[PDB]
Amino acid sequence: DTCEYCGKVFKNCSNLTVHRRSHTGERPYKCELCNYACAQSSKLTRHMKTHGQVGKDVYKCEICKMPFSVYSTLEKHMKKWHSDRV
Amino acid sequence: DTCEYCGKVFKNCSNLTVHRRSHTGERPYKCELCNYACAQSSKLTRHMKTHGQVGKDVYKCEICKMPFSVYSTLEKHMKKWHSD
DNA sequence: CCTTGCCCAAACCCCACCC
DNA sequence: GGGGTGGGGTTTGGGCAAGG
Ligand SMILES: [Zn+2]
Ligand SMILES: [Zn+2]
Ligand SMILES: [Zn+2]
Ligand SMILES: [Zn+2]
Ligand SMILES: [Zn+2]
Ligand SMILES: [Zn+2]
């Protein structure tokens with residue numbers, strides 16, 4: 001029908017479903033390699049793209065061995081999650 | 001009627017044929033205005049509305065003369081097939 | 001039975017926002 | 001040579017049964 005919170009007209013009900021997920025902070029699609037979750041499956045696919053591409057180098061973390069396809073992303077992960085021992 | 005591949009029981013045999021097309025991969029219904037093909041005639045009927053409706057504005061591709069109903073789809077098609 | 005249209009989740013993609 | 005996420009939107013695949 002219509003957005004019960006913001007009153008936005010949607011031509012598709014699935015888009016209204018994901019919009020209501022954004023309003024309610026619902027993230028059903030959770031990553032299996034970290035704590036990240038998102039409201040859309042395509043978001044999860046794009047996120048898993050950052051955990052290492054097929055045929056590409058992977059920078060595993062020194063602490064929890066979390067895979068990353070970009071060194072800067074691994075550095076950010078270490079700075080954000082592994083500051084308990086600095 | 002039960003699927004010979006996954007064993008799903010249907011209350012309608014035509015549903016079994018359409019579902020089995022997913023296992024076999026056959027796509028009998030092929031669009032005449034693009035490369036799209038599907039296993040269900042109704043899906044092709046729905047897809048044909050992306051090329052435009054009678055009386056509505058239609059954006060035809062400048063190179064391959066492919067009609068479109070949504071300019072966003074036309075832009076995506078131009079990026080996909082015409083990088084020159 | 002067979003058509004067909006609807007419902008919903010899922011795919012793909014573009015653009016804007018963030019750290 | 002930035003890399004990744006959130007919002008937004010078209011389109012598509014799978015399913016299902018009411019009514020031809
Ligand atoms: Zn809303
Ligand atoms: Zn992750
Ligand atoms: Zn780590
Ligand atoms: Zn099957
Ligand atoms: Zn087509
Ligand atoms: Zn074209």
# chains A, B, ... in the order shown; residues from 1 in each chain; ligands from 1
$ residues_around --residues "region 44-51 of chain B" --least-positions-apart "2" --cutoff "9 Å" --atoms "only C-alpha atoms (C1' of nucleotides)" --output "MDAnalysis selection string"
(chainID B and resid 29:31 33 36:42 53 58:60 66:70 73) or (chainID D and resid 11:12)
$ write_last_selection --atoms "N, CA, C and O atoms (P, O5', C5', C4', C3', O3' and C1' of nucleotides)" --output "compact mmCIF listing (two decimals), in the first residue's frame"
# COMPACT_ATOMS: atom_id res chain seq x y z
N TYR B 29 10.20 -19.82 -24.16
CA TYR B 29 9.59 -18.53 -24.49
C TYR B 29 10.70 -17.49 -24.62
O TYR B 29 11.25 -17.03 -23.61
N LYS B 30 11.02 -17.12 -25.85
CA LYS B 30 12.12 -16.21 -26.15
C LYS B 30 11.57 -14.88 -26.65
O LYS B 30 10.72 -14.85 -27.56
N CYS B 31 12.05 -13.79 -26.07
CA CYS B 31 11.63 -12.46 -26.49
C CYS B 31 12.14 -12.17 -27.90
O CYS B 31 13.27 -12.50 -28.25
N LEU B 33 12.33 -9.04 -29.05
CA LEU B 33 12.90 -7.70 -29.04
C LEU B 33 14.21 -7.61 -28.28
O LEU B 33 14.80 -6.53 -28.22
N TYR B 36 16.19 -11.94 -24.01
CA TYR B 36 15.58 -12.55 -22.84
C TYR B 36 14.83 -13.83 -23.21
O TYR B 36 14.19 -13.91 -24.26
N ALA B 37 14.92 -14.83 -22.34
CA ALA B 37 14.20 -16.08 -22.50
C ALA B 37 13.83 -16.61 -21.13
O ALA B 37 14.59 -16.45 -20.16
N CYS B 38 12.67 -17.24 -21.04
CA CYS B 38 12.15 -17.71 -19.76
C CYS B 38 11.41 -19.03 -19.96
O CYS B 38 11.07 -19.42 -21.08
N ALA B 39 11.15 -19.71 -18.85
CA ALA B 39 10.49 -21.00 -18.83
C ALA B 39 8.98 -20.91 -18.68
O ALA B 39 8.31 -21.95 -18.71
N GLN B 40 8.43 -19.71 -18.52
CA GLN B 40 7.00 -19.52 -18.33
C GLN B 40 6.51 -18.45 -19.29
O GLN B 40 7.11 -17.38 -19.38
N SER B 41 5.42 -18.74 -20.00
CA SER B 41 4.90 -17.79 -20.98
C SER B 41 4.46 -16.49 -20.32
O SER B 41 4.66 -15.40 -20.87
N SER B 42 3.85 -16.58 -19.13
CA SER B 42 3.44 -15.39 -18.41
C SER B 42 4.63 -14.50 -18.05
O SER B 42 4.50 -13.28 -18.02
N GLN B 53 4.39 0.11 -23.71
CA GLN B 53 2.97 -0.19 -23.86
C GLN B 53 2.38 0.71 -24.93
O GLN B 53 2.89 1.79 -25.22
N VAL B 58 7.94 5.65 -25.39
CA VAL B 58 8.89 4.57 -25.64
C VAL B 58 10.23 5.18 -26.03
O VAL B 58 10.28 6.06 -26.90
N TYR B 59 11.30 4.73 -25.39
CA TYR B 59 12.65 5.20 -25.66
C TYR B 59 13.39 4.10 -26.42
O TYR B 59 13.77 3.08 -25.83
N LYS B 60 13.60 4.31 -27.72
CA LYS B 60 14.27 3.33 -28.56
C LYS B 60 15.77 3.55 -28.53
O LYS B 60 16.25 4.69 -28.59
N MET B 66 16.39 -0.99 -30.16
CA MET B 66 15.67 -1.79 -29.18
C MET B 66 14.75 -0.90 -28.36
O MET B 66 15.23 0.05 -27.73
N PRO B 67 13.44 -1.15 -28.34
CA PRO B 67 12.54 -0.29 -27.58
C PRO B 67 12.64 -0.52 -26.08
O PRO B 67 12.95 -1.62 -25.61
N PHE B 68 12.35 0.54 -25.32
CA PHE B 68 12.34 0.47 -23.87
C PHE B 68 11.21 1.33 -23.32
O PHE B 68 10.84 2.35 -23.92
N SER B 69 10.68 0.92 -22.18
CA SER B 69 9.65 1.68 -21.49
C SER B 69 10.22 2.58 -20.40
O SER B 69 9.62 3.62 -20.09
N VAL B 70 11.36 2.22 -19.83
CA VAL B 70 11.99 2.97 -18.75
C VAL B 70 13.36 3.43 -19.24
O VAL B 70 14.15 2.63 -19.75
N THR B 73 16.39 1.58 -17.78
CA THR B 73 16.72 0.33 -18.47
C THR B 73 17.47 0.61 -19.77
O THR B 73 18.39 -0.13 -20.13
P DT D 11 11.93 -1.82 -16.17
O5' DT D 11 12.45 -3.31 -15.89
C5' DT D 11 13.84 -3.59 -15.97
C4' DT D 11 14.16 -4.94 -15.34
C3' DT D 11 13.30 -6.12 -15.83
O3' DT D 11 14.11 -7.01 -16.59
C1' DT D 11 13.69 -6.18 -13.47
P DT D 12 13.49 -8.36 -17.21
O5' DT D 12 13.71 -9.44 -16.06
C5' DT D 12 15.02 -9.68 -15.58
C4' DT D 12 15.01 -10.75 -14.50
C3' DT D 12 14.27 -12.04 -14.87
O3' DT D 12 15.12 -13.16 -14.64
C1' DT D 12 13.58 -11.26 -12.75
$ residues_around --residues "residue 6 (chain D)" --least-positions-apart "3" --cutoff "10 Å" --atoms "only C-alpha atoms (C1' of nucleotides)" --output "PyMOL selection string"
(chain A and resi 22+38-39+43) or (chain C and resi 16-18)
$ write_last_selection --atoms "C-alpha atoms (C1' of nucleotides)" --output "PDB file, in the first residue's frame"
ATOM      1  CA  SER A  22      15.476   0.689   6.615  1.00  0.00           C
ATOM      2  CA  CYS A  38      22.143  -5.664   5.773  1.00  0.00           C
ATOM      3  CA  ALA A  39      18.541  -5.309   4.638  1.00  0.00           C
ATOM      4  CA  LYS A  43      24.123  -5.672  -0.191  1.00  0.00           C
TER       5      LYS A  43
ATOM      6  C1'  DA C  16      24.659   9.296  -2.854  1.00  0.00           C
ATOM      7  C1'  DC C  17      26.971   9.094   1.829  1.00  0.00           C
ATOM      8  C1'  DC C  18      30.695   7.816   5.029  1.00  0.00           C
TER       9       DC C  18
END
$ residues_near_ligand --ligand "ligand 2" --cutoff "8 Å" --atoms "only C-alpha atoms (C1' of nucleotides) and all ligand atoms" --output "PDB file with N, CA, C and O atoms, in the first residue's frame"
ATOM      1  N   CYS A  31      26.188 -11.438   7.434  1.00  0.00           N
ATOM      2  CA  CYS A  31      27.415 -12.023   6.910  1.00  0.00           C
ATOM      3  C   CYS A  31      27.852 -13.206   7.767  1.00  0.00           C
ATOM      4  O   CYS A  31      27.759 -13.172   8.997  1.00  0.00           O
ATOM      5  N   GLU A  32      28.329 -14.258   7.107  1.00  0.00           N
ATOM      6  CA  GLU A  32      28.799 -15.457   7.786  1.00  0.00           C
ATOM      7  C   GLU A  32      30.264 -15.374   8.193  1.00  0.00           C
ATOM      8  O   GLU A  32      30.763 -16.296   8.844  1.00  0.00           O
ATOM      9  N   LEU A  33      30.962 -14.301   7.826  1.00  0.00           N
ATOM     10  CA  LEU A  33      32.375 -14.148   8.136  1.00  0.00           C
ATOM     11  C   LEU A  33      32.659 -12.988   9.081  1.00  0.00           C
ATOM     12  O   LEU A  33      33.806 -12.822   9.508  1.00  0.00           O
ATOM     13  N   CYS A  34      31.654 -12.186   9.417  1.00  0.00           N
ATOM     14  CA  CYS A  34      31.809 -11.094  10.374  1.00  0.00           C
ATOM     15  C   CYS A  34      30.430 -10.747  10.927  1.00  0.00           C
ATOM     16  O   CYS A  34      29.442 -11.437  10.654  1.00  0.00           O
ATOM     17  N   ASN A  35      30.364  -9.669  11.703  1.00  0.00           N
ATOM     18  CA  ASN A  35      29.132  -9.242  12.353  1.00  0.00           C
ATOM     19  C   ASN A  35      28.252  -8.376  11.461  1.00  0.00           C
ATOM     20  O   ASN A  35      27.154  -7.997  11.882  1.00  0.00           O
ATOM     21  N   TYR A  36      28.701  -8.055  10.250  1.00  0.00           N
ATOM     22  CA  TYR A  36      27.937  -7.170   9.381  1.00  0.00           C
ATOM     23  C   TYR A  36      26.645  -7.832   8.919  1.00  0.00           C
ATOM     24  O   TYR A  36      26.606  -9.032   8.633  1.00  0.00           O
ATOM     25  N   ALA A  37      25.582  -7.034   8.852  1.00  0.00           N
ATOM     26  CA  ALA A  37      24.300  -7.465   8.318  1.00  0.00           C
ATOM     27  C   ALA A  37      23.710  -6.321   7.506  1.00  0.00           C
ATOM     28  O   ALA A  37      24.131  -5.168   7.628  1.00  0.00           O
ATOM     29  N   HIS A  47      29.092  -6.936  -0.011  1.00  0.00           N
ATOM     30  CA  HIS A  47      29.965  -7.000   1.157  1.00  0.00           C
ATOM     31  C   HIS A  47      30.893  -8.209   1.097  1.00  0.00           C
ATOM     32  O   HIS A  47      32.086  -8.093   1.395  1.00  0.00           O
ATOM     33  N   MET A  48      30.362  -9.377   0.721  1.00  0.00           N
ATOM     34  CA  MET A  48      31.193 -10.569   0.593  1.00  0.00           C
ATOM     35  C   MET A  48      32.245 -10.395  -0.488  1.00  0.00           C
ATOM     36  O   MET A  48      33.284 -11.063  -0.455  1.00  0.00           O
ATOM     37  N   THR A  50      34.148  -8.007  -0.618  1.00  0.00           N
ATOM     38  CA  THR A  50      35.292  -7.422   0.071  1.00  0.00           C
ATOM     39  C   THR A  50      36.073  -8.428   0.908  1.00  0.00           C
ATOM     40  O   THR A  50      37.148  -8.085   1.411  1.00  0.00           O
ATOM     41  N   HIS A  51      35.565  -9.649   1.073  1.00  0.00           N
ATOM     42  CA  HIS A  51      36.238 -10.681   1.851  1.00  0.00           C
ATOM     43  C   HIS A  51      37.198 -11.516   1.013  1.00  0.00           C
ATOM     44  O   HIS A  51      37.595 -12.605   1.442  1.00  0.00           O
TER      45      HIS A  51
END
$ interface_residues --of "chain C" --to "chain A" --cutoff "9 Å" --atoms "only C-alpha atoms (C1' of nucleotides)" --output "count of residues only"
5
$ residues_near_ligand --ligand "ligand 1" --cutoff "12 Å" --atoms "only C-alpha atoms (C1' of nucleotides) and all ligand atoms" --output "PyMOL selection string"
(chain A and resi 1-10+15-25) or (chain D and resi 7-8)
$ write_last_selection --atoms "N, CA, C and O atoms (P, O5', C5', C4', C3', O3' and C1' of nucleotides)" --output "compact mmCIF listing (two decimals), in the first residue's frame"
# COMPACT_ATOMS: atom_id res chain seq x y z
N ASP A 1 0.83 -1.20 0.00
CA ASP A 1 0.00 0.00 0.00
C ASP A 1 0.86 1.26 0.00
O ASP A 1 1.34 1.69 -1.05
N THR A 2 1.06 1.83 1.18
CA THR A 2 1.86 3.03 1.34
C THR A 2 2.72 2.89 2.59
O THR A 2 2.42 2.09 3.49
N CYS A 3 3.79 3.68 2.64
CA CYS A 3 4.69 3.64 3.79
C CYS A 3 3.96 4.10 5.04
O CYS A 3 3.51 5.24 5.13
N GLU A 4 3.84 3.20 6.02
CA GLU A 4 3.12 3.50 7.25
C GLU A 4 3.86 4.48 8.14
O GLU A 4 3.28 4.96 9.12
N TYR A 5 5.12 4.80 7.84
CA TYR A 5 5.91 5.73 8.64
C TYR A 5 6.12 7.07 7.95
O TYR A 5 5.85 8.11 8.55
N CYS A 6 6.60 7.07 6.71
CA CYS A 6 6.90 8.31 6.00
C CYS A 6 5.90 8.66 4.92
O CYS A 6 5.98 9.76 4.36
N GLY A 7 4.95 7.77 4.61
CA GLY A 7 3.94 8.06 3.61
C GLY A 7 4.47 8.27 2.21
O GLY A 7 4.08 9.22 1.53
N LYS A 8 5.36 7.39 1.76
CA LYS A 8 5.94 7.47 0.43
C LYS A 8 5.24 6.49 -0.50
O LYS A 8 4.98 5.34 -0.13
N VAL A 9 4.93 6.95 -1.71
CA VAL A 9 4.24 6.12 -2.69
C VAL A 9 5.24 5.20 -3.37
O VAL A 9 6.26 5.66 -3.90
N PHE A 10 4.95 3.90 -3.36
CA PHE A 10 5.80 2.90 -3.99
C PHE A 10 5.00 2.16 -5.06
O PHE A 10 3.87 1.73 -4.81
N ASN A 15 9.94 -3.06 -2.72
CA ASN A 15 10.69 -1.86 -2.38
C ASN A 15 10.15 -1.22 -1.11
O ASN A 15 10.92 -0.70 -0.30
N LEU A 16 8.83 -1.25 -0.92
CA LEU A 16 8.28 -0.78 0.35
C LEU A 16 8.72 -1.68 1.50
O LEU A 16 8.93 -1.19 2.61
N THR A 17 8.88 -2.98 1.25
CA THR A 17 9.38 -3.87 2.28
C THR A 17 10.80 -3.50 2.70
O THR A 17 11.11 -3.41 3.89
N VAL A 18 11.67 -3.25 1.72
CA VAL A 18 13.05 -2.89 2.07
C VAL A 18 13.11 -1.49 2.68
O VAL A 18 13.94 -1.22 3.56
N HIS A 19 12.22 -0.58 2.27
CA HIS A 19 12.14 0.74 2.88
C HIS A 19 11.70 0.64 4.34
O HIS A 19 12.24 1.34 5.21
N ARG A 20 10.72 -0.22 4.63
CA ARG A 20 10.32 -0.45 6.02
C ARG A 20 11.44 -1.11 6.81
O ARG A 20 11.57 -0.87 8.01
N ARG A 21 12.24 -1.96 6.16
CA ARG A 21 13.42 -2.51 6.83
C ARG A 21 14.39 -1.40 7.21
O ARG A 21 14.95 -1.40 8.31
N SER A 22 14.61 -0.44 6.30
CA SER A 22 15.48 0.69 6.62
C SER A 22 14.91 1.52 7.76
O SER A 22 15.65 1.98 8.64
N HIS A 23 13.59 1.73 7.76
CA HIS A 23 12.96 2.48 8.85
C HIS A 23 13.11 1.76 10.18
O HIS A 23 13.39 2.39 11.21
N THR A 24 12.92 0.44 10.19
CA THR A 24 12.95 -0.35 11.42
C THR A 24 14.33 -0.91 11.74
O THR A 24 14.49 -1.59 12.76
N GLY A 25 15.33 -0.63 10.90
CA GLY A 25 16.67 -1.16 11.14
C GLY A 25 16.76 -2.66 11.10
O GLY A 25 17.54 -3.26 11.84
P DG D 7 19.68 3.21 4.79
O5' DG D 7 19.17 3.88 3.43
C5' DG D 7 19.49 5.23 3.16
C4' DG D 7 19.02 5.63 1.77
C3' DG D 7 17.64 5.11 1.38
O3' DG D 7 16.93 6.15 0.73
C1' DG D 7 19.22 4.43 -0.23
P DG D 8 15.35 6.01 0.45
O5' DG D 8 15.28 5.73 -1.12
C5' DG D 8 16.21 6.36 -1.99
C4' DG D 8 16.10 5.78 -3.38
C3' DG D 8 14.77 5.09 -3.68
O3' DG D 8 14.26 5.58 -4.91
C1' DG D 8 16.58 3.67 -4.23
$ select_by_dssp --residues "chain B" --states "alpha helix (DSSP H)" --output "JSON, numbers by chain"
{"B": [13, 14, 15, 16, 17, 18, 19, 20, 21, 22, 23, 24, 41, 42, 43, 44, 45, 46, 47, 71, 72, 73, 74, 75, 76, 77, 78, 79, 80, 81]}
$ closest_residue --among "A:27, A:82, A:49, A:11" --to "ligand 3" --atoms "only C-alpha atoms and all ligand atoms"
A:82
$ closest_residue --among "B:83, B:14, B:2, B:72" --to "chain D" --atoms "only C-alpha atoms (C1' of nucleotides)"
B:72
$ residues_near_ligand --ligand "ligand 3" --cutoff "10 Å" --atoms "only C-alpha atoms (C1' of nucleotides) and all ligand atoms" --output "list in words"
residues 34, 60, 61, 62, 63, 64, 65, 66, 67, 68, 74, 75, 76, 77, 78, 79, 80, 81 and 82 of chain A
$ interface_residues --of "chain C" --to "chain B" --cutoff "12 Å" --atoms "only C-alpha atoms (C1' of nucleotides)" --output "PyMOL selection string"
chain C and resi 1-6+12-14
$ write_last_selection --atoms "N, CA, C and O atoms (P, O5', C5', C4', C3', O3' and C1' of nucleotides)" --output "PDB file, in the first residue's frame"
ATOM      1  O5'  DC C   1      -4.511 -33.637 -15.617  1.00  0.00           O
ATOM      2  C5'  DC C   1      -4.020 -32.310 -15.760  1.00  0.00           C
ATOM      3  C4'  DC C   1      -4.746 -31.582 -16.878  1.00  0.00           C
ATOM      4  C3'  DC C   1      -3.993 -30.377 -17.448  1.00  0.00           C
ATOM      5  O3'  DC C   1      -3.702 -30.581 -18.826  1.00  0.00           O
ATOM      6  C1'  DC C   1      -6.285 -29.849 -17.018  1.00  0.00           C
ATOM      7  P    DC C   2      -2.380 -29.936 -19.472  1.00  0.00           P
ATOM      8  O5'  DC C   2      -2.751 -28.389 -19.660  1.00  0.00           O
ATOM      9  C5'  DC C   2      -3.889 -28.017 -20.430  1.00  0.00           C
ATOM     10  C4'  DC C   2      -3.906 -26.522 -20.736  1.00  0.00           C
ATOM     11  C3'  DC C   2      -2.562 -25.823 -20.787  1.00  0.00           C
ATOM     12  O3'  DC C   2      -2.695 -24.699 -21.650  1.00  0.00           O
ATOM     13  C1'  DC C   2      -3.793 -25.010 -18.930  1.00  0.00           C
ATOM     14  P    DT C   3      -1.449 -23.767 -22.043  1.00  0.00           P
ATOM     15  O5'  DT C   3      -2.018 -22.298 -21.767  1.00  0.00           O
ATOM     16  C5'  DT C   3      -3.137 -22.139 -20.897  1.00  0.00           C
ATOM     17  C4'  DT C   3      -3.695 -20.732 -20.962  1.00  0.00           C
ATOM     18  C3'  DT C   3      -2.664 -19.643 -21.099  1.00  0.00           C
ATOM     19  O3'  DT C   3      -3.312 -18.464 -21.561  1.00  0.00           O
ATOM     20  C1'  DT C   3      -3.449 -19.760 -18.845  1.00  0.00           C
ATOM     21  P    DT C   4      -2.490 -17.109 -21.802  1.00  0.00           P
ATOM     22  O5'  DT C   4      -2.640 -16.338 -20.413  1.00  0.00           O
ATOM     23  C5'  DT C   4      -3.901 -16.298 -19.759  1.00  0.00           C
ATOM     24  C4'  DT C   4      -3.776 -15.625 -18.409  1.00  0.00           C
ATOM     25  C3'  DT C   4      -2.654 -14.594 -18.316  1.00  0.00           C
ATOM     26  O3'  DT C   4      -3.100 -13.476 -17.591  1.00  0.00           O
ATOM     27  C1'  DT C   4      -2.379 -16.211 -16.629  1.00  0.00           C
ATOM     28  P    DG C   5      -2.661 -11.998 -18.032  1.00  0.00           P
ATOM     29  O5'  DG C   5      -2.935 -11.139 -16.716  1.00  0.00           O
ATOM     30  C5'  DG C   5      -3.991 -11.520 -15.843  1.00  0.00           C
ATOM     31  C4'  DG C   5      -3.476 -11.714 -14.430  1.00  0.00           C
ATOM     32  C3'  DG C   5      -2.402 -10.708 -13.992  1.00  0.00           C
ATOM     33  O3'  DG C   5      -2.753 -10.142 -12.743  1.00  0.00           O
ATOM     34  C1'  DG C   5      -1.742 -12.903 -13.475  1.00  0.00           C
ATOM     35  P    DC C   6      -2.065  -8.781 -12.237  1.00  0.00           P
ATOM     36  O5'  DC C   6      -2.167  -8.891 -10.648  1.00  0.00           O
ATOM     37  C5'  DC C   6      -3.064  -9.825 -10.066  1.00  0.00           C
ATOM     38  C4'  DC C   6      -2.368 -10.643  -8.995  1.00  0.00           C
ATOM     39  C3'  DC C   6      -1.377  -9.859  -8.130  1.00  0.00           C
ATOM     40  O3'  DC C   6      -1.702 -10.022  -6.759  1.00  0.00           O
ATOM     41  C1'  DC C   6      -0.403 -11.876  -8.913  1.00  0.00           C
ATOM     42  P    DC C  12      23.281 -11.384 -10.339  1.00  0.00           P
ATOM     43  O5'  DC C  12      23.027  -9.883 -10.826  1.00  0.00           O
ATOM     44  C5'  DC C  12      22.038  -9.616 -11.810  1.00  0.00           C
ATOM     45  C4'  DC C  12      22.011  -8.140 -12.154  1.00  0.00           C
ATOM     46  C3'  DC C  12      23.353  -7.425 -12.011  1.00  0.00           C
ATOM     47  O3'  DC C  12      23.667  -6.767 -13.228  1.00  0.00           O
ATOM     48  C1'  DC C  12      21.635  -6.246 -10.825  1.00  0.00           C
ATOM     49  P    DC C  13      25.044  -5.959 -13.391  1.00  0.00           P
ATOM     50  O5'  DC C  13      24.592  -4.444 -13.196  1.00  0.00           O
ATOM     51  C5'  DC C  13      23.303  -4.044 -13.631  1.00  0.00           C
ATOM     52  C4'  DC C  13      22.937  -2.697 -13.050  1.00  0.00           C
ATOM     53  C3'  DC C  13      24.117  -1.742 -12.851  1.00  0.00           C
ATOM     54  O3'  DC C  13      23.911  -0.577 -13.628  1.00  0.00           O
ATOM     55  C1'  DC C  13      22.673  -1.760 -10.965  1.00  0.00           C
ATOM     56  P    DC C  14      25.130   0.413 -13.959  1.00  0.00           P
ATOM     57  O5'  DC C  14      24.645   1.802 -13.343  1.00  0.00           O
ATOM     58  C5'  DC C  14      23.310   2.233 -13.560  1.00  0.00           C
ATOM     59  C4'  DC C  14      22.898   3.246 -12.513  1.00  0.00           C
ATOM     60  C3'  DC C  14      23.949   4.317 -12.214  1.00  0.00           C
ATOM     61  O3'  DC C  14      23.390   5.605 -12.415  1.00  0.00           O
ATOM     62  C1'  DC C  14      23.102   3.366 -10.202  1.00  0.00           C
TER      63       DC C  14
END
$ residues_near_ligand --ligand "ligand 6" --cutoff "8 Å" --atoms "only C-alpha atoms (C1' of nucleotides) and all ligand atoms" --output "ChimeraX atom specification"
/B:61-66,74,77-78,81-82
$ residues_near_ligand --ligand "ligand 4" --cutoff "9 Å" --atoms "only C-alpha atoms (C1' of nucleotides) and all ligand atoms" --output "PyMOL selection string"
chain B and resi 2-9+16+19-23
$ interface_residues --of "chain D" --to "chain B" --cutoff "12 Å" --atoms "only C-alpha atoms (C1' of nucleotides)" --output "ChimeraX atom specification"
/D:9-17
$ closest_residue --among "B:57, B:75, B:32, B:84" --to "ligand 5" --atoms "only C-alpha atoms and all ligand atoms"
B:32
$ atom_distance --atom1 "CA of residue 45 (chain A)" --atom2 "CA of residue 34 (chain B)"
27.3 Å
$ decode --residues "region 55-66 of chain A" --atoms "N, CA, C and O atoms" --output "CSV table (one decimal), in the first residue's frame"
chain,number,residue,atom,x,y,z
A,55,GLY,N,40.6,-15.8,-7.2
A,55,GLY,CA,41.8,-15.6,-8.0
A,55,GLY,C,42.5,-14.3,-7.6
A,55,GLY,O,43.3,-13.8,-8.4
A,56,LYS,N,42.3,-13.7,-6.5
A,56,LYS,CA,42.9,-12.5,-6.0
A,56,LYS,C,43.5,-12.7,-4.6
A,56,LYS,O,43.1,-13.6,-3.9
A,57,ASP,N,44.5,-11.9,-4.3
A,57,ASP,CA,45.2,-12.0,-3.0
A,57,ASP,C,44.3,-11.6,-1.9
A,57,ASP,O,43.4,-10.8,-2.0
A,58,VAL,N,44.5,-12.3,-0.8
A,58,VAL,CA,43.7,-12.1,0.4
A,58,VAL,C,44.6,-11.8,1.6
A,58,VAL,O,45.6,-12.5,1.8
A,59,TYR,N,44.3,-10.7,2.3
A,59,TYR,CA,45.0,-10.3,3.5
A,59,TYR,C,44.3,-10.8,4.8
A,59,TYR,O,43.4,-10.1,5.2
A,60,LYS,N,44.6,-11.9,5.3
A,60,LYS,CA,44.0,-12.4,6.5
A,60,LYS,C,44.5,-11.6,7.7
A,60,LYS,O,45.7,-11.2,7.8
A,61,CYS,N,43.6,-11.4,8.7
A,61,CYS,CA,44.0,-10.7,9.9
A,61,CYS,C,44.9,-11.4,10.7
A,61,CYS,O,44.9,-12.7,10.8
A,62,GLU,N,45.8,-10.7,11.5
A,62,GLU,CA,46.7,-11.3,12.4
A,62,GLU,C,46.1,-11.8,13.7
A,62,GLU,O,46.6,-12.8,14.3
A,63,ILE,N,45.0,-11.2,14.1
A,63,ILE,CA,44.3,-11.5,15.4
A,63,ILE,C,43.3,-12.6,15.2
A,63,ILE,O,43.4,-13.7,15.8
A,64,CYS,N,42.2,-12.3,14.4
A,64,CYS,CA,41.1,-13.2,14.2
A,64,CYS,C,41.1,-13.8,12.9
A,64,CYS,O,40.1,-14.5,12.5
A,65,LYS,N,42.1,-13.6,12.0
A,65,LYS,CA,42.2,-14.3,10.7
A,65,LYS,C,41.0,-14.0,9.8
A,65,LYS,O,40.5,-14.9,9.1
A,66,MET,N,40.5,-12.8,9.9
A,66,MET,CA,39.3,-12.4,9.1
A,66,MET,C,39.8,-12.1,7.7
A,66,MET,O,40.7,-11.2,7.5
